[PDB]
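This report refers to the structure that appears directly beneath it.
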Protein chains: 6
Amino acid sequence: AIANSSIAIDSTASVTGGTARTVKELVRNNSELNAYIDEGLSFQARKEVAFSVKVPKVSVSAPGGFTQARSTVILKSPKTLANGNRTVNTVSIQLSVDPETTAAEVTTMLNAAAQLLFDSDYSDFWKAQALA
Amino acid sequence: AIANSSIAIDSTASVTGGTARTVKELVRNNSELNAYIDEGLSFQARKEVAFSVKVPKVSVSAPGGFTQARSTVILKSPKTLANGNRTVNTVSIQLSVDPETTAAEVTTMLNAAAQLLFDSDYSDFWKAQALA
Amino acid sequence: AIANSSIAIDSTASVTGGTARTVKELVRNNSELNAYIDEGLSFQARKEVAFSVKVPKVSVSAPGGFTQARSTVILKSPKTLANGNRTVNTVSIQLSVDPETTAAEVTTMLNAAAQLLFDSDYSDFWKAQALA
Amino acid sequence: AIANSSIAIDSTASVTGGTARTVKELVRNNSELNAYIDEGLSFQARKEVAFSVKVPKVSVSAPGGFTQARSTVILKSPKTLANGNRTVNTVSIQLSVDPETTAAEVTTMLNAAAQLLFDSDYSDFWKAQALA
Amino acid sequence: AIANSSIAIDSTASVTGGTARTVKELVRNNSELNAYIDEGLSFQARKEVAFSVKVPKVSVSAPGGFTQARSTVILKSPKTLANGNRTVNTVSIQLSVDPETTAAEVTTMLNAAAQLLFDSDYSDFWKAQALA
Amino acid sequence: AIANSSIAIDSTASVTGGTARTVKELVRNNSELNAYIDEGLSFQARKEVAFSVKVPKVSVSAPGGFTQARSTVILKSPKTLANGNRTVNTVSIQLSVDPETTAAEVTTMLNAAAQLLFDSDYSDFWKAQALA
């Protein structure tokens, strides 16, 4: 259903229901912030999420003088299989903007990308792996 | 920010306001879709979200037996600089689950990851690039 | 200027007027803090003061026995030029005392150094680069 | 105390109390001016301060054509240890500005850097070497 | 003494002596956290307590799946001897516990372990090394 | 948490939870004392705490005359895991302090160290290894 879909641009996103958890910080080091979501689960099945930041550096290429500012979030979800082996399902979110980018342009990018992974038109692409 | 933030697990995410754009496919093949968000803009200033897919491959030495079902989305965003040059800002979202994962465990991961895109708690992390 | 100038040793330095900004931490680790003075500016035009630290290392062939306690601060300041390029002006302050130094001696040193930053006598030296 | 601190930007700094000394100039050569603060002390315990200037030169890199203009001040504080060996405690202040920088932009930098080493919060960073 | 000493298991440990100091962190380095207790002492005579973690790593050995989660706390209390030189008196504590263990057991173990070091029975053991 | 945690120096540590068990010694071997807490558990499920002393030895090095007097306590709490096997969760404590130390400072150190392990700020550090 990635075809004539629909997405609201420059819109406010909200969340209703669910169970409010808490992101507990574990270690901040090496431009990385390791944390975990507290759902009252065991250590082997947590919801660890890692926040990392890559600050821009001066360059000669990169038309504007500096490399892009990258911000990456990886959410880890341990899954237990039928046999009993443990696997981790991950979602990575990486945002690379030029340092000249305004906060309103980043907000538009953030909100449009949020609906890209919760709008119903993309359900089969994420779950069924269906391009059309 | 990233420290004591709350995320509503297994909630419903919606959108209000904004302008409804259609998204129109440009090019296909192979296991790779290319589209663009139509908002009445020029050819160089259009959004252009891309959709990639990596099907589960039958491995041997892996949990479950197969490799993971990778599904990537990249939203591009052209921006013109103070020197007149042209660059692109991107948001890359990769979902990597095992094929044994159910749709409901995937709908939870997407909703959790979508919240760390638009939740007000993680704003200084994306725009100010402030880990804490 | 630098010739017959007067510096008030062991005085009290204060500030009047101006706008009170908060300074916000960006990134930590390791023995290196990074912050930014928040004055409602864009990401490329923010102050961004950084804090470094070198702890006293126990040497052998040194006065007192250990190496010196180094403490560095670098205030950055973005500036755009007449050709549209971006550069950074910096102020670097390094304090290097022996571990046996008392707090009042460090207070005196910091007061003298601060005086040799804002005293009207040393204005041509910083801006006009006039040695005398 | 480098966290939610406070600094006045574009403010006037003043000094009260203390004992007005005099900076007597010793040697002015090689883009350097050696001087000493006169407190009626011995030669082995003076408050020697060195002023150095590094003028910009033409370049092809350095986006604006010139290297930065640097002004350095080193204040030396002889300390006598318990055993009896003599060490020197130094404070370096290096200001590097692009030559296009206005005098108001330099004044703002100087005033912010002044409070960076006399505000009561950073007292823990300079003496205790405490990042937070 | 040690023999026939009584320990109250699963007990709340209070404390009432006053002199509420503050643990201020200094550096972080590699998966560590070096802090110090702010009591107003000298710079090289303060009590620095260091924290460290050694999060479990998935092994093939370790009958239970993988290594334990050890947490260390070293409290360094410096001392000036009569002869004149300096020495540090340290108190290290480690918590090598299997990651599957619950938080109630850890609280039980922490209380039982901390029930030593202030119980009157062990006073001579900690001070005079009176084993028997 | 660890940052800005308060510890009350020179404090009386009480305990009120009940369940007054008894430490019964088992063996002595070489300058050691292996005991166990009598809670009615099984033979290989009881908690054994081992005490050991390492009295000073007159050296030529050791700036203070001779090595420190160390006292170790290891609390071994056994645990049966879900997989079925058995493991031990241990809490070791050491007091390597210089023999010239008075008993008052040793008591201060023991109170400060035992003020950890039951303080609320360090709960997350001991349980989830939440350094930051």
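What you see below is based on every heavy atom in this structure, not just the backbone, and it leaves out hydrogens, waters and symmetry mates. Just so we're on the same page: letters track the sequence lines, and every chain starts at 1.
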Side chain, backbone, both or neither of [X] within contact of chain A (heavy atoms, under 4.5 Å):
X	value
B/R28	side chain
B/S52	backbone
B/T16	both
B/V49	side chain

Inset, instruction - Kindly say whether A/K54 contributes a backbone atom to a donor-acceptor pair with the side chain of B/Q129 at under 3.5 angstrom? - result: yes
Legend entry - B/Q94 side-chain N/O to A/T90 backbone N/O, donor-acceptor pair under 3.5 Å: no
Legend entry - Residues in residues 114-121 of chain B near chain A [non-hydrogen atoms, under 4.5 Å]: B/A114, B/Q115, B/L116, B/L117, B/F118
Inset, instruction - Report, by ascending residue number, the residues of residues 37-46 of chain B in heavy-atom contact with chain A at a distance under 4.5 Å; give 'none' if the set is empty. - result: B/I37, B/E39
Legend entry - A/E32: partners by salt bridge (charged side-chain N to carboxylate O under 4.0 Å, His left out), with sequence neighbours left out: none
Inset, instruction - Identify, with sequence neighbours excluded, every residue that meets salt bridge (charged side-chain N to carboxylate O under 4.0 Å, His left out) alongside B/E100. - result: none
Inset, instruction - Check whether the side chains of B/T101 and A/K127 place a donor and an acceptor atom closer than 3.5 Å, and report yes or no. - result: no
Inset, instruction - Before giving the answer on side chain to side chain contact (heavy atoms under 4.5 Å, CB included), spell out for B/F125 and A/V53 the whole-Å C-alpha distance, their side-chain angles and the decisive distance to 0.1 Å. - result: CA-CA 8 Å; B/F125 166 78; A/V53 153; 3.7 Å; yes
Inset, instruction - Locate the shortest heavy-atom distance separating B/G64 from A/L81; write the atom from each residue and the value. - result: N-CD1, 3.3 Å
Legend entry - B/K79, NZ: over 12 other non-hydrogen atoms inside 6.0 angstrom: yes
